[PDB]
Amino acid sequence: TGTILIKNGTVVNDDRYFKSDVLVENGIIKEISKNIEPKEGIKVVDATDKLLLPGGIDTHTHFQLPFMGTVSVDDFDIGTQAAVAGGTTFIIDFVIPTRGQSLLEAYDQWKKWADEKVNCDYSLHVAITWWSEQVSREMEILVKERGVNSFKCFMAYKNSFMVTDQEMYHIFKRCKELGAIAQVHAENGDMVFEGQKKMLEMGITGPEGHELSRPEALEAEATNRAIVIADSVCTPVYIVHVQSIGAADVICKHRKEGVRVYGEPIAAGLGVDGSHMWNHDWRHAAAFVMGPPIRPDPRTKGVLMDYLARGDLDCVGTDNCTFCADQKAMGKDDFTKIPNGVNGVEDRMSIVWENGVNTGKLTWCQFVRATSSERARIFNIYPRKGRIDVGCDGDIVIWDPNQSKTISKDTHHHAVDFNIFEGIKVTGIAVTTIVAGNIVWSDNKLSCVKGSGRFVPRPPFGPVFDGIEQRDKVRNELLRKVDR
């Protein structure tokens, strides 16, 4: 039906929380009121002592990602099952063209894989893995016709996706022109390449070689450069998987001066540290490898959450990019061949809850901002997503702030046989998830429908562009020309 009535709980939006019953009809919220009588035949859910949160939005997923002939184990079906079991009802995945491949053809491939499989709504960012006139031209079609308002370039990955300062400059101008946000994987690629060469030459072949090849100052430098270029163009920039203190500090520094930069920590960075790469077990060590690496500095995750609470970091993704032991073992004598990526789609919200709320770092409202509402505004799908209000989509999570769980591979819903949050006790979990007025997770069991989810288009010139027309006006250099 997509029709359900949720009674006796507390609604929590990012502006306030309050006691109210919520009615969803034909997948849309119809009524919010202190007491809604159940009519004949309507399904009723009890949220006594529980919270109604807008469904989580995961801004950073890589389901079913092709890599070196193999593929990520978590795909669009299993992946979205895991999402809703953890309170996340919307994922944004990355289209990743091969070099010289058309973005439209790559986009077509991605949307076909998803449309068939998704158990919840989704949308897509497009990575700019190579640059040319035709690429520039296909960006316009994506934005105008294919519901895209976000593009991603890489400062890392020399000899493949890496772009230069001159290219990045022009990519950002094109983003500006089309009203798209510009995303950046920000590490100094030339130095990551020299550091990989150095570590392997020293015989440091294990996963720990990964962190040592790329310390956090290379992430902070590249973050700095990408913001300086973006501020010159005068267009919104978005730093994906901000993993380090240094890079977080850079973002805070520039934001303070009024620069239009957004930042995205991820569940791994908020939940674990990089000392697992020094584990004597190779399998365990290699399982935590991703890029940028999870940082071994112990104060890292707390500081990332501090910035998150302040709004100097905006929203939490996962970078969900999962590979099995056998796939990971491709790099057993060479850390550079370990497929990069960890899990998080299922556990993001409970990890954010445990490390943010239960530490006193985040209030309930700041948790909703950090996990749905701000993402929605940034990618221009608010208030359809990320808000419990009349007219908005009936995607809702019944959250129990008092139920405990220890996270383990033995009980997760990922297709991969390892979890980086193994043994971590959390208090506060999703006990029922509702997508389009339908229960898809409840009583510790999934009731998904494969291919239920829909693609959601994202118009250009959203909130991230508010103020920029005026900024362009006041920064006009003709205002500063001397008439001689």
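In case it trips you up, residue 1 is the first one in the sequence shown, and so on.
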- Note on the structure: When mean C-alpha B-factors in the record are compared for 38-46 and 417-425, the larger belongs to 38-46
- Between 371-379 and 330-338, name whichever shows the higher mean Cα B factor according to the PDB entry. 330-338
- Between 223, 149, 160, 232, which carries the biggest CA temperature factor in the record? 160
- Which of these has the highest Cα B-factor in the record: 363, 355, 403, 183? 403
- Message: Taking only the Cα B-factors deposited for this chain, tell me whether residue 410 sits in the lowest, middle or highest third.
- Response: highest
- Note on the structure: Of the three thirds of the chain ranked by Cα temperature factor, residue 476 occupies the highest
- Temperature factor at the Cα of residue 187, chain-ranked in thirds, falls in the lowest
- Task: Quick one: classify residue 166 as lowest, middle or highest third of the chain based on its Cα B-factor.
- Result: highest
- Query: Among the modelled residues of its chain, does the C-alpha B-factor of residue 347 lie in the lowest, middle or highest third?
  - Reply: middle
